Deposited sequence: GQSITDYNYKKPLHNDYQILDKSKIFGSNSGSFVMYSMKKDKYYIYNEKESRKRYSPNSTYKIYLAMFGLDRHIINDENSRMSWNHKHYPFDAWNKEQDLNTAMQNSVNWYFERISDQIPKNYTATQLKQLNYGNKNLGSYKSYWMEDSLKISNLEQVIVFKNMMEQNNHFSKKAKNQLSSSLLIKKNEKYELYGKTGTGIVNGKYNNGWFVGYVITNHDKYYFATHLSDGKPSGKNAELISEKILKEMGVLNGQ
C-alpha cells in the first residue's frame, strides 16, 4: 500500500450512494484551499495498475524528450487494422489521447530509455515505480499506483523540469468538456482480465473561474470500468457543487 502520511486536514466523504454497487474510492484536491477530500481513505491507498491513465505520463515524457512537440505530434498509421475505425488512421496527440490509441503511445514508449523513465518515476513519486519487464508495464502489469497518489502525483507534476509548453499541450489533449462554469480534463483507464472488468479509473482536473480541482476515481469491484469511473466522478463533482 501507499503509506506516506498526508499532512493535510482533509475532509472525509461518504459517496456510498453514488458509488452504489461499485467499490473503490474518490479523491479530490482544491488548489485554492489546499485541501484533500477523500471517500474511502484506506482503499484510496491501495495500489493498482494505472492502465491507460498512464498515457498522461507517456504523453508528458514524449513531449519532454521531443518525440512529439507542438508543431508536430502526428504519427502515421502503418495500415494495421483495429476494431475501431478511430484507430485506423494517422493520429496526433489530441486524437490519440481522446480515443486512447494504444499504438500511438506504444510507439512513444518504445523510444523511451528505461533509465529516463526510472528517473522520472522517482522524481514524480509515481506509485511503486516498478517497471518490471518494461514492455507495456502500465497495463495490468508491474507498475501500480493508488488513487490518492494519482491525485498527488498529477497535481505535483502540473503545478519542475517539465516545461510550460509541454504542460499546456498535455492539458489541451485531456480536455473533455467546457461550458460557462467549468472545464473538465481527464483520462480513463480500464483493466480487463479474461473478459471481466477488474480495474477502472478516471483521473483528471476541473478548472472553474475561481479554483482548480484535481481528482481521481478508482473502482476495484462492481462494474470497475473507466467509463463507469468517469460517470461516477462527474456525478460526485456535480453533487459536491464543483461544477457551478
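Not built in the structure, per the record, are deposited positions 1-7, 167-168, 254-255.
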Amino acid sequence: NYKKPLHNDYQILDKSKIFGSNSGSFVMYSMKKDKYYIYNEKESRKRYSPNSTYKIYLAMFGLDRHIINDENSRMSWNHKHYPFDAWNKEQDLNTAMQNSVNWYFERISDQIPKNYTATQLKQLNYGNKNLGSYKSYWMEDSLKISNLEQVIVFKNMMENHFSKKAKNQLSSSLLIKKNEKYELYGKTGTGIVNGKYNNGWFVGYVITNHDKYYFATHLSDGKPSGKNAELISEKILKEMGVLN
From here on, numbers count along this sequence of modelled residues.
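Modelling of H161 is complete across the other compared entries in which both of its neighbours are modelled; not even a third of them leave it out. Compared with other PDB entries of the same protein, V193 is missing from at least a third of those that resolve the residues around it. A summary of the deposited B-factors shows that, of 53-61 and 202-210, the stretch with the larger mean C-alpha value is 202-210. Mean CA B-factor, 141-149 versus 115-123: the higher value falls on 115-123. You'll see in the entry that, of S225, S233, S25, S21, the Cα B factor peaks at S21. In this PDB entry, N94 carries a Cα temperature factor that places it within the middle third of its chain's modelled residues. In this PDB entry, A229 carries a Cα temperature factor that places it within the lowest third of its chain's modelled residues. Split the chain's modelled residues into thirds by C-alpha temperature factor. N40 is in the middle one. Sort the modelled residues of the chain by CA B factor and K129 lands in the middle third. In this PDB entry, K32 carries a Cα temperature factor that places it within the middle third of its chain's modelled residues.
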